Amino acid sequence: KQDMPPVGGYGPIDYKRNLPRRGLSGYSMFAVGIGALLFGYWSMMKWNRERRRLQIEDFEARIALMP
Amino acid sequence: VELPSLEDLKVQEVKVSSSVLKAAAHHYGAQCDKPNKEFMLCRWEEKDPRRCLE
């Protein structure tokens, strides 16, 4: 008279299938990308242009000597 | 060819290093302007740096 099945206490667990979490898609991407990339080239032309100014100063000390 | 003597050499030579020569170097050339720019005409406009020693 000592046998298994309980009178109660059950679930069940699902048979389902779901993890579609979105996700920042669909014109949200391709907009943060271009907005990041244009910040890069804007951070250029303030350094590459400025280094060309110091470049001419480096040639300047050459030319003020050599006679 | 004929060369000048061992004299008209051995002048008071500026014995400094490279960085201390490049230290001022900027104030230097832009305010003397009489002996050096004319020396370029003494070298470019006529060649043979054996004539041009003054």
# chains A, B, ... in the order shown; residues from 1 in each chain; ligands from 1
>>> closest_atom_pairs(of="chain A", to="chain B", cutoff="7 Å", atoms="only C-alpha atoms", output="tab-separated table")
residue	atom	partner	partner_atom	distance
A:61	CA	B:26	CA	6.0
A:64	CA	B:29	CA	4.9
A:65	CA	B:29	CA	6.5
A:67	CA	B:36	CA	5.9
>>> select_by_dssp(residues="segment 22-64 of chain A", states="alpha helix (DSSP H)", output="list in words")
residues 32, 33, 34, 35, 36, 37, 38, 39, 40, 41, 42, 43, 48, 49, 50, 51, 52, 53, 54, 55, 56, 57, 58, 59, 60, 61, 62, 63 and 64 of chain A
>>> atom_distance(atom1="atom CA of residue 24 of chain A", atom2="atom CA of residue 44 of chain A")
28.7 Å
>>> atom_distance(atom1="atom CA of residue 9 of chain B", atom2="atom CA of residue 53 of chain B")
9.4 Å
>>> atom_distance(atom1="atom CA of residue 31 of chain A", atom2="atom CA of residue 48 of chain A")
26.1 Å
